[PDB]
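Peer 1: Below you will find the structure I want to go over with you.
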Amino acid sequence: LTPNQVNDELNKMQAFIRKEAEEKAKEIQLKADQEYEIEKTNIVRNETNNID
Amino acid sequence: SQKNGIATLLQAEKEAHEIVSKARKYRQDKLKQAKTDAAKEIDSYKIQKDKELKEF
Amino acid sequence: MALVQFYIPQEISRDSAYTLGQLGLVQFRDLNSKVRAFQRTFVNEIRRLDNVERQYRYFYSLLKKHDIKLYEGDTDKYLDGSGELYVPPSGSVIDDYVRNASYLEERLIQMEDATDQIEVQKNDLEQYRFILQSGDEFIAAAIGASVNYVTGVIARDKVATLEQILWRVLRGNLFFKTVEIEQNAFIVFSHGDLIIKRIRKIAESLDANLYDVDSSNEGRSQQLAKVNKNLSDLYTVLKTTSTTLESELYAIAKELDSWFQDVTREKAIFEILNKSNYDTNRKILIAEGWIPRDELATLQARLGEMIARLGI
Amino acid sequence: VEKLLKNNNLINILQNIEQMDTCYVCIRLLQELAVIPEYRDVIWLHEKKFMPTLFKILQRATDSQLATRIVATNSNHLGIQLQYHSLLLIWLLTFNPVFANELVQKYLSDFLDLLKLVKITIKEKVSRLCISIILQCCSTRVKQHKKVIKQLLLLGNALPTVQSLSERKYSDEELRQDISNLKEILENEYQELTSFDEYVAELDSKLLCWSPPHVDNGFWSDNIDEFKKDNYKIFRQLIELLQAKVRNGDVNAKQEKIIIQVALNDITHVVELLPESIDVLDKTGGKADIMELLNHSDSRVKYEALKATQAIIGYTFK
C-alpha cells in the first residue's frame with residue numbers, strides 16, 4: 001500500500017525468488033557430480049576389458 | 001519506491017535465470033571431464049599391467 | 001493468508017488499486033508477466049487451456065446422454081452457498097480434475113454405443129418373432145428350404161397392392177398372398193426356389209423386409225426355439241445397461257455441476273497468468289496482493305470489468 | 001557416519017516428527033553426507049531406519065492440503081524445503097545401479113507414492129525430484145531393469161498416471177526432460193514383449209491383469225489367428241479358467257475379482273474381430289457364466305459382463 005508496506009512485500013518476494021534459484025541450480029550441479037561418476041565408471045570398465 | 005522495486009524484481013528473475021545457467025554450463029563441462037579423466041585412467045591401468053609382466 | 005492475483009492494463013491501475021484498497025486488501029504490489037514463475041508464459045499453459053475445454057465438452061456430452069438439463073451457475077468464489085461448497089478454497093490441481101473427468105467420458109462412450117447396439121437388435125427380434133411364427137406354421141417345409149416363403153414386414157398395405165400388380169405382370173401367379181394386421185402389416189408372398197432373387201428385386205424397390213428368413217437364430221430345430229432364447233438374453237441385457245446408466249447418473253450429476261463451476265475459474269486462471277501470446281499483449285499488468293482468509297469470499301465476487309482473481 | 005546411523009540418540013532425533021526443528025536439520029545432515037560418494041554405501045546399509053520416515057514426511061504432505069502458511073510440510077516455505085531435502089537423500093542412493101533395483105523391490109508400496117506428490121504439488125522442487133528418482137530406477141544400467149518397470153506399470157498403474165502428469169509442467173529444463181524420457185521408456189518396455197507370450201504367460205499363472213497394450217485393438221487382431229489348432233484352443237483355455245473361478249471360490253472375492261474383469265474384457269475384443277469364436281462360448285458353457293455376472297455386485301463386474309454379452313449377441317443376430 002504505502003512505501004513501508006510495498007517494500008516489506010518486495011523483501012519477501014526476492015527472498016523466495018533467490019532461494020528457489022539457489023535450489024534449482026543446486027540440483028543441476030548435484031546431478032552433475034553424479035553423472036560424472038557413472039559415465040566415468042562405464043567408459044573405464046569397457047576399456048579395462050580391452051586392456052585385460 | 002514502487003517503480004524502484006519493480007526494477008529490482010525484473011533483475012531478480014534475470015538473475016534467477018543466470019544462476020541456473022551457471023549450473024547448466026557446469027553440468028555440461030563435468031560430462032566432458034568424465035571422458036578425459038577416464039582416458040587418463042586407462043593409461044594408468046595399462047602400466048599397472050605392464051608392471052606385472054616385468055615382475056613375472 | 002491467501003495469495004491473490006489481479007490483472008489489468010496500466011490505464012485503470014489507479015482506479016483498480018483504490019477499489020482493491022477499500023476491501024481491506026493489503027501489501028498490494030504491482031508486478032509484470034515474468035517475475036513470478038507461475039505467471040510466466042509457457043506452451044505448457046496453451047495445452048492446459050485445451051485440457052479445460054476438453055473437460056467442458058465432456059460435461060455437455062455427459063449431460064445430453066443422462067437426460068439431465070444444462071447447468072449454468074457460474075461461481076469461482078466462496079461467498080455463495082454453492083460457490084463455497086462446490087468450488088474448494090485451495091487452488092487447482094489440474095492433473096487430478098482432468099483425470100476424473102477423462103475416465104468417465106471414456107466409460108460413458110463405451111456404454112452408450114453398446115446400449116444402442118442392444119436396443120435395435122431387441123426391437124427387431126421381438127418384432128420378427130411373430131412373423132416367422134406365422135410363416136413357419138402356415139409347415140413341414142419351412143423348417144427346411146424345400147418350399148420358399150418370403151416373410152416380411154411392410155408399413156403400407158397400399159404399397160403391398162402395387163407389388164401384387166407388379167409380381168403378376170412379369171412373374172405370373174406363383175404368388176399366394178396372405179396378410180395379417182399387426183401391431184406394421186405382416187405380408188407373405190410364397191414362391192418357387194429358382195425365381196427367388198427375381199421377387200426380391202421387386203420387393204427391395206418398393207421397400208419391404210421380405211427376406212426368406214428374417215431371423216439368423218435358426219440353428220436349433222424348429223427355428224423359433226433358438227429365436228425365443230436369444231430374445232430372453234436380449235431383454236435382460238438392455239435392463240442391466242439401464243442399471244449401469246442409473247448408478248453413473250447418481251454419482252456424477254452433482255459432481256458435473258461442481259466441475260463446471262471449477263472449470264469457469266480455471267479458464268480465468270490461465271488468462272490471468274497470460275496463457276498465450278495474445279493474452280500477453282492485451283494485459284501487460286499482473287499485480288499481487290494478500291487477502292485475509294474470511295475476506296477471500298467477497299473478493300472473487302468482485303470482478304470489476306477487467307479484473308479476475310484466483311485464491312489459494 | 002556409519003556409527004552414528006546405528007546409534008540410537010541421533011536416529012531418534014530424525015524419528016521425532018513432534019519437533020520439526022530437529023528432524024529438518026537431521027535429514028539435511030545426512031543428505032549433505034550422501035552427496036559424497038563413499039558415504040552412500042555406508043548409509044544404504046542403515047536404509048531401513050530413516051527411509052520410511054522420509055516417505056512419511058511426503059505422505060503427510062499428500063494427505064494434508066496445500067494452503068497452510070502455518071509451519072508444516074505444505075505450501076509454506078519450510079514445507080517446500082522439507083520435502084526437497086528428503087527427496088535429495090533418496091535421489092542420491094538411487095544413482096548407484098544396484099541400490100535403485102533394490103529400492104523399487106523393498107519400498108514398492110511407498111515408491112508409488114512418488115506419482116501422488118508429482119500431481120498434488122504446484123511446487124517444482126518436489127515434482128522434479130520425484131520424476132528424476134523414478135527415471136534413475138528404470139534406467140538401462142540398473143540390474144533387472146525390465147522387472148522394476150513391469151511391476152510399477154502393471155500393478156501400480158504407472159503408465160496412465162505418467163501420461164496424465166505430462167500435461168502439468170513447470171520451470172527448469174531437467175524436469176521437462178525427465179517426464180518425456182519416462183513416458184517413452186515405460187511405453188517401449190511393456191510393448192516389446194510378444195502379444196502371444198503375454199497372453200499365454202497370464203493364462204498359465206492364473207493371474208490376469210490389465211495394462212494398456214494388452215487391451216490394444218491391434219494386439220488382438222494378430223493374435224486371433226494364433227489361437228487356432230483345436231477350434232481356438234487359447235481362447236478356450238481362457239473360457240474354461242473364467243468358468244472355474246465364478247463357481248469355485250466365488251466371485252466378488254478379491255483374487256477371483258481381478259482375473260474376471262480382465263477375462264471378460266479380453267474375450268470382448270476377440271469376439272468382435274472374428275465370429276467363429278461365438279461357437280466356443282456356447283460349447284464350453286461359458287455363455288451362461290456371462291449372464292450371471294450382469295447382476296453380480298460391483299460396478300466393474302456388471303460393466304465388464306454387459307460389454308461381454310452385448311458383443312456375443314451382436315454376432316448371434318445382427
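FYI, nothing fancy with the C-alpha cells labels: chains A, B, ... in order, residues from 1 per chain, ligands from 1 as they appear.
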Would you mind listing, for every residue of chain C within 9 Å of chain B, the two atoms forming the shortest contact and the distance between them in Å to one decimal, using only C-alpha atoms, sorted by chain and ascending residue number, as a tab-separated table?
Peer 2:
```
residue	atom	partner	partner_atom	distance
C:29	CA	B:2	CA	7.6
C:30	CA	B:6	CA	7.7
C:31	CA	B:6	CA	6.4
C:32	CA	B:10	CA	8.0
C:34	CA	B:13	CA	7.5
C:35	CA	B:13	CA	5.5
C:36	CA	B:13	CA	7.9
C:37	CA	B:13	CA	8.5
```
Peer 1: Would you give me, as a VMD selection string, the residues of chain D that come within 12 Å of chain B, using only C-alpha atoms?
Peer 2: chain D and resid 171 to 174
Peer 1: Counting only C-alpha atoms, a student should be able to say which residues of chain D come within 12 Å of chain A; what is the right answer, written as a ChimeraX atom specification?
Peer 2: /D:31-32,34-38,40,76-78,80-81,84-85,87-89,91-97,123-129,132-133,136,141-142,171-175
Peer 1: Separation of CA of residue 1 (chain B) and CA of residue 28 (chain C), in Å?
Peer 2: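 If I compute the distance from CA of residue 1 (chain B) to CA of residue 28 (chain C), I get 12.8 Å.
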Peer 1: Could you name the residues that touch region 36-40 of chain B at 12 Å or less, counting only C-alpha atoms, but leaving out those on the same chain fewer than 4 positions away, as a PDB file with N, CA, C and O atoms, in the first residue's frame?
Peer 2:
```pdb
ATOM      1  N   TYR A  36      29.042 -37.353 -13.843  1.00  0.00           N
ATOM      2  CA  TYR A  36      30.465 -37.517 -13.957  1.00  0.00           C
ATOM      3  C   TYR A  36      30.924 -38.825 -13.446  1.00  0.00           C
ATOM      4  O   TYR A  36      31.495 -39.580 -14.263  1.00  0.00           O
ATOM      5  N   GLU A  37      30.562 -39.238 -12.207  1.00  0.00           N
ATOM      6  CA  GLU A  37      30.944 -40.575 -11.792  1.00  0.00           C
ATOM      7  C   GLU A  37      30.399 -41.724 -12.508  1.00  0.00           C
ATOM      8  O   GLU A  37      31.159 -42.596 -12.959  1.00  0.00           O
ATOM      9  N   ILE A  38      29.081 -41.872 -12.801  1.00  0.00           N
ATOM     10  CA  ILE A  38      28.529 -43.018 -13.542  1.00  0.00           C
ATOM     11  C   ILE A  38      29.158 -43.186 -14.908  1.00  0.00           C
ATOM     12  O   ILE A  38      29.506 -44.257 -15.289  1.00  0.00           O
ATOM     13  N   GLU A  39      29.258 -42.097 -15.708  1.00  0.00           N
ATOM     14  CA  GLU A  39      29.814 -42.086 -17.036  1.00  0.00           C
ATOM     15  C   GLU A  39      31.291 -42.519 -17.028  1.00  0.00           C
ATOM     16  O   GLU A  39      31.663 -43.291 -17.939  1.00  0.00           O
ATOM     17  N   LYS A  40      32.092 -42.010 -16.082  1.00  0.00           N
ATOM     18  CA  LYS A  40      33.499 -42.336 -15.889  1.00  0.00           C
ATOM     19  C   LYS A  40      33.701 -43.823 -15.611  1.00  0.00           C
ATOM     20  O   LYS A  40      34.514 -44.474 -16.239  1.00  0.00           O
ATOM     21  N   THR A  41      32.796 -44.349 -14.746  1.00  0.00           N
ATOM     22  CA  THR A  41      32.724 -45.805 -14.424  1.00  0.00           C
ATOM     23  C   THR A  41      32.489 -46.710 -15.605  1.00  0.00           C
ATOM     24  O   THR A  41      33.227 -47.702 -15.821  1.00  0.00           O
ATOM     25  N   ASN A  42      31.491 -46.336 -16.424  1.00  0.00           N
ATOM     26  CA  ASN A  42      31.233 -47.121 -17.629  1.00  0.00           C
ATOM     27  C   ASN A  42      32.348 -47.145 -18.631  1.00  0.00           C
ATOM     28  O   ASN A  42      32.712 -48.196 -19.134  1.00  0.00           O
ATOM     29  N   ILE A  43      32.844 -45.954 -19.000  1.00  0.00           N
ATOM     30  CA  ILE A  43      33.947 -45.705 -20.010  1.00  0.00           C
ATOM     31  C   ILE A  43      35.159 -46.508 -19.597  1.00  0.00           C
ATOM     32  O   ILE A  43      35.756 -47.240 -20.430  1.00  0.00           O
ATOM     33  N   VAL A  44      35.588 -46.409 -18.301  1.00  0.00           N
ATOM     34  CA  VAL A  44      36.728 -47.089 -17.667  1.00  0.00           C
ATOM     35  C   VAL A  44      36.520 -48.591 -17.708  1.00  0.00           C
ATOM     36  O   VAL A  44      37.406 -49.301 -18.137  1.00  0.00           O
ATOM     37  N   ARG A  45      35.310 -49.114 -17.429  1.00  0.00           N
ATOM     38  CA  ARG A  45      35.092 -50.542 -17.480  1.00  0.00           C
ATOM     39  C   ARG A  45      35.281 -51.099 -18.818  1.00  0.00           C
ATOM     40  O   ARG A  45      35.934 -52.104 -18.961  1.00  0.00           O
ATOM     41  N   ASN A  46      34.740 -50.485 -19.915  1.00  0.00           N
ATOM     42  CA  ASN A  46      34.853 -51.003 -21.284  1.00  0.00           C
ATOM     43  C   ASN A  46      36.247 -51.196 -21.800  1.00  0.00           C
ATOM     44  O   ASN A  46      36.582 -52.208 -22.377  1.00  0.00           O
ATOM     45  N   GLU A  47      37.114 -50.215 -21.472  1.00  0.00           N
ATOM     46  CA  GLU A  47      38.499 -50.103 -21.884  1.00  0.00           C
ATOM     47  C   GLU A  47      39.323 -51.085 -21.106  1.00  0.00           C
ATOM     48  O   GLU A  47      40.190 -51.646 -21.637  1.00  0.00           O
ATOM     49  N   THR A  48      39.015 -51.275 -19.780  1.00  0.00           N
ATOM     50  CA  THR A  48      39.821 -52.175 -18.956  1.00  0.00           C
ATOM     51  C   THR A  48      39.678 -53.547 -19.434  1.00  0.00           C
ATOM     52  O   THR A  48      40.588 -54.357 -19.315  1.00  0.00           O
TER      53      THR A  48
ATOM     54  N   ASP B  29      30.250 -29.352 -18.642  1.00  0.00           N
ATOM     55  CA  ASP B  29      31.653 -29.484 -18.512  1.00  0.00           C
ATOM     56  C   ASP B  29      31.995 -30.711 -17.788  1.00  0.00           C
ATOM     57  O   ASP B  29      32.920 -31.380 -18.262  1.00  0.00           O
ATOM     58  N   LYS B  30      31.356 -31.082 -16.658  1.00  0.00           N
ATOM     59  CA  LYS B  30      31.544 -32.241 -15.819  1.00  0.00           C
ATOM     60  C   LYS B  30      31.371 -33.457 -16.623  1.00  0.00           C
ATOM     61  O   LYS B  30      32.043 -34.423 -16.390  1.00  0.00           O
ATOM     62  N   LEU B  31      30.479 -33.408 -17.687  1.00  0.00           N
ATOM     63  CA  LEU B  31      30.368 -34.586 -18.566  1.00  0.00           C
ATOM     64  C   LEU B  31      31.570 -34.824 -19.425  1.00  0.00           C
ATOM     65  O   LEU B  31      31.908 -35.977 -19.669  1.00  0.00           O
ATOM     66  N   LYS B  32      32.258 -33.703 -19.968  1.00  0.00           N
ATOM     67  CA  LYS B  32      33.486 -33.744 -20.771  1.00  0.00           C
ATOM     68  C   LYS B  32      34.698 -34.247 -20.039  1.00  0.00           C
ATOM     69  O   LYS B  32      35.517 -34.963 -20.617  1.00  0.00           O
ATOM     70  N   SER B  44      46.954 -45.327 -16.899  1.00  0.00           N
ATOM     71  CA  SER B  44      47.483 -45.739 -15.595  1.00  0.00           C
ATOM     72  C   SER B  44      47.206 -47.180 -15.242  1.00  0.00           C
ATOM     73  O   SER B  44      47.867 -47.778 -14.423  1.00  0.00           O
ATOM     74  N   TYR B  45      46.235 -47.796 -15.840  1.00  0.00           N
ATOM     75  CA  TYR B  45      45.980 -49.184 -15.624  1.00  0.00           C
ATOM     76  C   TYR B  45      46.771 -49.993 -16.620  1.00  0.00           C
ATOM     77  O   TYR B  45      46.956 -51.227 -16.430  1.00  0.00           O
ATOM     78  N   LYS B  46      47.204 -49.440 -17.755  1.00  0.00           N
ATOM     79  CA  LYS B  46      47.984 -50.193 -18.811  1.00  0.00           C
ATOM     80  C   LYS B  46      49.414 -50.336 -18.192  1.00  0.00           C
ATOM     81  O   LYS B  46      49.910 -51.454 -18.380  1.00  0.00           O
ATOM     82  N   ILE B  47      49.995 -49.335 -17.558  1.00  0.00           N
ATOM     83  CA  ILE B  47      51.234 -49.555 -16.866  1.00  0.00           C
ATOM     84  C   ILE B  47      51.200 -50.438 -15.614  1.00  0.00           C
ATOM     85  O   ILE B  47      52.213 -50.969 -15.278  1.00  0.00           O
TER      86      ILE B  47
END
```
Peer 1: Near region 161-174 of chain C, counting only C-alpha atoms, which residues have an atom at most 12 Å away, once you skip same-chain residues fewer than 2 positions from it, shown as a VMD selection string?
Peer 2: chain C and resid 148 to 149 154 156 to 159 176 to 179 187 to 208 210
Peer 1: Please produce an output containing N, CA, C and O atoms for each residue in the selection, written as a compact mmCIF listing (two decimals), in the first residue's frame.
Peer 2:
```txt
# COMPACT_ATOMS: atom_id res chain seq x y z
N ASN C 148 -40.22 -72.22 -50.86
CA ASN C 148 -39.71 -70.97 -50.47
C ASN C 148 -40.81 -70.10 -49.99
O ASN C 148 -41.85 -69.99 -50.68
N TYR C 149 -40.61 -69.45 -48.87
CA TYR C 149 -41.50 -68.45 -48.25
C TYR C 149 -40.74 -67.22 -48.20
O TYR C 149 -39.50 -67.26 -48.25
N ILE C 154 -44.23 -54.82 -43.67
CA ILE C 154 -44.41 -53.67 -44.50
C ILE C 154 -45.37 -52.78 -43.73
O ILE C 154 -46.20 -53.25 -42.99
N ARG C 156 -47.16 -50.29 -45.23
CA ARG C 156 -48.32 -49.87 -46.10
C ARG C 156 -48.86 -51.07 -46.76
O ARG C 156 -48.12 -51.69 -47.59
N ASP C 157 -50.18 -51.47 -46.51
CA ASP C 157 -50.86 -52.39 -47.29
C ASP C 157 -51.14 -51.92 -48.71
O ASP C 157 -51.44 -52.72 -49.63
N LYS C 158 -51.07 -50.54 -48.86
CA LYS C 158 -51.16 -49.82 -50.16
C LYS C 158 -50.08 -50.06 -51.09
O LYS C 158 -50.36 -50.20 -52.25
N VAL C 159 -48.82 -50.10 -50.58
CA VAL C 159 -47.66 -50.42 -51.38
C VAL C 159 -47.64 -51.91 -51.62
O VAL C 159 -47.19 -52.27 -52.67
N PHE C 176 -48.90 -66.67 -53.80
CA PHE C 176 -50.10 -66.85 -52.99
C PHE C 176 -49.81 -65.73 -51.94
O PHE C 176 -48.74 -65.63 -51.36
N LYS C 177 -50.78 -64.82 -51.75
CA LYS C 177 -50.68 -63.62 -50.92
C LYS C 177 -51.67 -63.79 -49.77
O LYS C 177 -52.91 -63.85 -49.95
N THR C 178 -51.10 -63.79 -48.62
CA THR C 178 -51.78 -63.81 -47.40
C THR C 178 -51.31 -62.58 -46.66
O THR C 178 -50.22 -62.09 -47.00
N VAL C 179 -52.11 -62.01 -45.64
CA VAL C 179 -51.86 -60.77 -44.95
C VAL C 179 -52.50 -60.90 -43.59
O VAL C 179 -53.61 -61.39 -43.42
N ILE C 187 -46.81 -59.30 -44.33
CA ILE C 187 -47.16 -59.72 -45.70
C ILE C 187 -46.43 -60.95 -45.90
O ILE C 187 -45.37 -61.13 -45.31
N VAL C 188 -46.99 -61.82 -46.76
CA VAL C 188 -46.33 -63.00 -47.15
C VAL C 188 -46.62 -63.28 -48.61
O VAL C 188 -47.73 -63.33 -49.09
N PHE C 189 -45.52 -63.53 -49.35
CA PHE C 189 -45.58 -63.96 -50.69
C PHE C 189 -44.93 -65.34 -50.58
O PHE C 189 -44.05 -65.57 -49.78
N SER C 190 -45.41 -66.30 -51.43
CA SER C 190 -44.85 -67.60 -51.40
C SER C 190 -44.54 -68.00 -52.82
O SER C 190 -45.34 -67.65 -53.73
N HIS C 191 -43.37 -68.63 -52.96
CA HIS C 191 -42.77 -68.69 -54.30
C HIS C 191 -41.93 -69.90 -54.50
O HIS C 191 -41.74 -70.74 -53.59
N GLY C 192 -41.44 -70.18 -55.78
CA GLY C 192 -40.54 -71.23 -56.07
C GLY C 192 -39.17 -70.92 -55.50
O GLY C 192 -38.92 -69.79 -54.96
N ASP C 193 -38.23 -71.87 -55.60
CA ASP C 193 -36.84 -71.83 -55.20
C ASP C 193 -35.86 -71.53 -56.37
O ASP C 193 -34.63 -71.70 -56.19
N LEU C 194 -36.36 -71.04 -57.54
CA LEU C 194 -35.38 -70.73 -58.62
C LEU C 194 -35.67 -69.41 -59.26
O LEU C 194 -34.94 -68.93 -60.14
N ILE C 195 -36.72 -68.75 -58.77
CA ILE C 195 -37.18 -67.42 -59.15
C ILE C 195 -36.98 -66.46 -57.92
O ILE C 195 -37.54 -65.40 -57.87
N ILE C 196 -36.25 -66.93 -56.88
CA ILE C 196 -36.19 -66.33 -55.50
C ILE C 196 -35.74 -64.91 -55.55
O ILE C 196 -36.22 -63.99 -54.89
N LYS C 197 -34.67 -64.62 -56.31
CA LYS C 197 -33.92 -63.36 -56.48
C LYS C 197 -34.71 -62.35 -57.22
O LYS C 197 -34.51 -61.14 -57.13
N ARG C 198 -35.61 -62.83 -58.14
CA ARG C 198 -36.45 -62.07 -59.08
C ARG C 198 -37.51 -61.36 -58.33
O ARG C 198 -37.93 -60.24 -58.64
N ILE C 199 -38.08 -61.96 -57.19
CA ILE C 199 -39.14 -61.48 -56.40
C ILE C 199 -38.60 -60.50 -55.45
O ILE C 199 -39.15 -59.47 -55.15
N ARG C 200 -37.35 -60.77 -54.98
CA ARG C 200 -36.60 -59.94 -54.10
C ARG C 200 -36.32 -58.50 -54.67
O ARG C 200 -36.47 -57.54 -53.98
N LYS C 201 -35.96 -58.42 -55.96
CA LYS C 201 -35.66 -57.12 -56.67
C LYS C 201 -36.81 -56.14 -56.56
O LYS C 201 -36.70 -54.96 -56.17
N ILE C 202 -38.03 -56.71 -56.90
CA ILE C 202 -39.31 -56.10 -56.79
C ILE C 202 -39.64 -55.67 -55.36
O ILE C 202 -40.16 -54.56 -55.08
N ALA C 203 -39.33 -56.51 -54.37
CA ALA C 203 -39.63 -56.26 -53.02
C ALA C 203 -38.72 -55.10 -52.47
O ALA C 203 -39.23 -54.19 -51.74
N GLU C 204 -37.44 -55.12 -52.81
CA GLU C 204 -36.42 -54.24 -52.46
C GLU C 204 -36.74 -52.83 -52.86
O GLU C 204 -36.49 -51.85 -52.14
N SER C 205 -37.34 -52.71 -54.14
CA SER C 205 -37.63 -51.46 -54.79
C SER C 205 -38.84 -50.70 -54.34
O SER C 205 -38.99 -49.48 -54.67
N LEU C 206 -39.61 -51.39 -53.54
CA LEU C 206 -40.72 -50.65 -53.03
C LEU C 206 -40.64 -50.53 -51.58
O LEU C 206 -41.46 -49.88 -50.94
N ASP C 207 -39.53 -51.18 -51.01
CA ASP C 207 -39.14 -51.16 -49.63
C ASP C 207 -40.10 -51.95 -48.79
O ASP C 207 -41.14 -51.50 -48.39
N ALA C 208 -39.71 -53.18 -48.50
CA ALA C 208 -40.24 -54.19 -47.65
C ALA C 208 -39.05 -54.97 -47.15
O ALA C 208 -38.01 -54.96 -47.74
N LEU C 210 -39.03 -58.20 -46.86
CA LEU C 210 -39.26 -59.53 -47.39
C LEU C 210 -37.89 -60.25 -47.59
O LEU C 210 -37.17 -59.99 -48.55
```
Peer 1: Between C:79, C:68, C:17, C:251, which one has atoms that come closest to residue 296 (chain C), using only C-alpha atoms?
Peer 2: C:79
Peer 1: Write out as a ChimeraX atom specification the residues lying within 12 Å of residue 12 (chain C), counting only C-alpha atoms and excluding same-chain residues fewer than 4 positions away.
Peer 2: /C:7-8,16-20,283,285,304-307
Peer 1: Between C:290, C:312, C:279, C:303, which is the closest to chain A once you count only C-alpha atoms?
Peer 2: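 Nearest candidate to chain A out of C:290, C:312, C:279, C:303: C:290.
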Peer 1: Find the nearest atom pair between each residue of chain A and chain C for residues within 12 Å, count only C-alpha atoms, give distances in Å to one decimal, sort rows by chain and ascending number, and present the table as JSON lines.
Peer 2:
```
{"residue": "A:1", "atom": "CA", "partner": "C:28", "partner_atom": "CA", "distance": 5.4}
{"residue": "A:2", "atom": "CA", "partner": "C:27", "partner_atom": "CA", "distance": 8.4}
{"residue": "A:3", "atom": "CA", "partner": "C:27", "partner_atom": "CA", "distance": 9.9}
{"residue": "A:4", "atom": "CA", "partner": "C:27", "partner_atom": "CA", "distance": 9.5}
{"residue": "A:5", "atom": "CA", "partner": "C:27", "partner_atom": "CA", "distance": 5.7}
{"residue": "A:6", "atom": "CA", "partner": "C:29", "partner_atom": "CA", "distance": 5.8}
{"residue": "A:7", "atom": "CA", "partner": "C:29", "partner_atom": "CA", "distance": 8.8}
{"residue": "A:8", "atom": "CA", "partner": "C:27", "partner_atom": "CA", "distance": 7.9}
{"residue": "A:9", "atom": "CA", "partner": "C:27", "partner_atom": "CA", "distance": 6.0}
{"residue": "A:10", "atom": "CA", "partner": "C:29", "partner_atom": "CA", "distance": 8.0}
{"residue": "A:11", "atom": "CA", "partner": "C:27", "partner_atom": "CA", "distance": 11.5}
{"residue": "A:12", "atom": "CA", "partner": "C:27", "partner_atom": "CA", "distance": 10.8}
{"residue": "A:13", "atom": "CA", "partner": "C:36", "partner_atom": "CA", "distance": 8.9}
{"residue": "A:14", "atom": "CA", "partner": "C:35", "partner_atom": "CA", "distance": 9.7}
{"residue": "A:16", "atom": "CA", "partner": "C:36", "partner_atom": "CA", "distance": 9.9}
{"residue": "A:17", "atom": "CA", "partner": "C:36", "partner_atom": "CA", "distance": 8.1}
{"residue": "A:18", "atom": "CA", "partner": "C:35", "partner_atom": "CA", "distance": 11.6}
{"residue": "A:20", "atom": "CA", "partner": "C:37", "partner_atom": "CA", "distance": 10.3}
{"residue": "A:21", "atom": "CA", "partner": "C:37", "partner_atom": "CA", "distance": 10.9}
```
Peer 1: Can you list every residue in region 179-245 of chain C that DSSP puts in helix (DSSP H, G or I), as a PyMOL selection string?
Peer 2: chain C and resi 196-204+223-245
Peer 1: Go ahead and dump the residues you just picked, C-alpha atoms, as a PDB file, in the first residue's frame.
Peer 2:
```pdb
ATOM      1  CA  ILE C 196     -36.190 -66.334 -55.504  1.00  0.00           C
ATOM      2  CA  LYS C 197     -33.919 -63.358 -56.478  1.00  0.00           C
ATOM      3  CA  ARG C 198     -36.452 -62.069 -59.085  1.00  0.00           C
ATOM      4  CA  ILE C 199     -39.136 -61.478 -56.397  1.00  0.00           C
ATOM      5  CA  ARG C 200     -36.599 -59.944 -54.104  1.00  0.00           C
ATOM      6  CA  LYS C 201     -35.663 -57.122 -56.667  1.00  0.00           C
ATOM      7  CA  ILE C 202     -39.305 -56.096 -56.788  1.00  0.00           C
ATOM      8  CA  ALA C 203     -39.627 -56.257 -53.015  1.00  0.00           C
ATOM      9  CA  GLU C 204     -36.422 -54.241 -52.459  1.00  0.00           C
ATOM     10  CA  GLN C 223     -36.004 -72.006 -35.796  1.00  0.00           C
ATOM     11  CA  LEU C 224     -38.381 -70.446 -33.302  1.00  0.00           C
ATOM     12  CA  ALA C 225     -36.849 -72.097 -30.250  1.00  0.00           C
ATOM     13  CA  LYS C 226     -33.404 -70.501 -30.799  1.00  0.00           C
ATOM     14  CA  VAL C 227     -35.090 -67.104 -31.617  1.00  0.00           C
ATOM     15  CA  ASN C 228     -37.001 -67.176 -28.227  1.00  0.00           C
ATOM     16  CA  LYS C 229     -33.800 -67.882 -26.168  1.00  0.00           C
ATOM     17  CA  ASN C 230     -31.853 -65.139 -27.849  1.00  0.00           C
ATOM     18  CA  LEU C 231     -34.707 -62.711 -27.175  1.00  0.00           C
ATOM     19  CA  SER C 232     -34.568 -63.710 -23.401  1.00  0.00           C
ATOM     20  CA  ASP C 233     -30.905 -62.730 -23.417  1.00  0.00           C
ATOM     21  CA  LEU C 234     -31.643 -59.535 -25.270  1.00  0.00           C
ATOM     22  CA  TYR C 235     -34.375 -58.315 -22.930  1.00  0.00           C
ATOM     23  CA  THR C 236     -32.279 -58.559 -19.697  1.00  0.00           C
ATOM     24  CA  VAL C 237     -29.150 -57.192 -21.344  1.00  0.00           C
ATOM     25  CA  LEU C 238     -30.915 -53.830 -22.027  1.00  0.00           C
ATOM     26  CA  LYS C 239     -32.199 -53.739 -18.367  1.00  0.00           C
ATOM     27  CA  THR C 240     -28.615 -54.313 -16.924  1.00  0.00           C
ATOM     28  CA  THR C 241     -27.417 -51.445 -19.121  1.00  0.00           C
ATOM     29  CA  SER C 242     -30.095 -49.180 -17.700  1.00  0.00           C
ATOM     30  CA  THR C 243     -28.990 -50.072 -14.126  1.00  0.00           C
ATOM     31  CA  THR C 244     -25.444 -49.081 -15.041  1.00  0.00           C
ATOM     32  CA  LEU C 245     -26.687 -45.812 -16.589  1.00  0.00           C
TER      33      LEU C 245
END
```
Peer 1: What is the distance between CA of residue 154 (chain D) and CA of residue 267 (chain D), in Å to one decimal?
Peer 2: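 The value is 19.4 Å.
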Peer 1: For chain C, which residues have at least one atom within 7 Å of chain D, if we go by only C-alpha atoms? Write them as JSON, numbers by chain, please.
Peer 2: {"C": [44, 48, 90, 93, 95, 99, 114, 118, 121, 215, 216, 217, 237, 240, 241, 312]}
Peer 1: Report, in Å with one decimal, the straight-line distance from CA of residue 312 (chain D) to CA of residue 125 (chain C).
Peer 2: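 Going from CA of residue 312 (chain D) over to CA of residue 125 (chain C), I get 15.2 Å.
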Peer 1: Measuring between only C-alpha atoms, which one of D:301, D:117, D:1, D:158 shows the shortest distance to residue 253 (chain D)?
Peer 2: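 Once distances to residue 253 (chain D) are computed over only C-alpha atoms, the minimum belongs to D:301.
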Peer 1: Please, which residues of region 141-235 of chain C, numbered as in this document, come out strand (DSSP E) from DSSP, as a list in words?
Peer 2: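 Matching residues for strand (DSSP E) in region 141-235 of chain C are residues 148, 149, 150, 151, 152, 153, 154, 177, 178, 179, 180, 181, 185, 186, 187, 188, 189, 190 and 191 of chain C.
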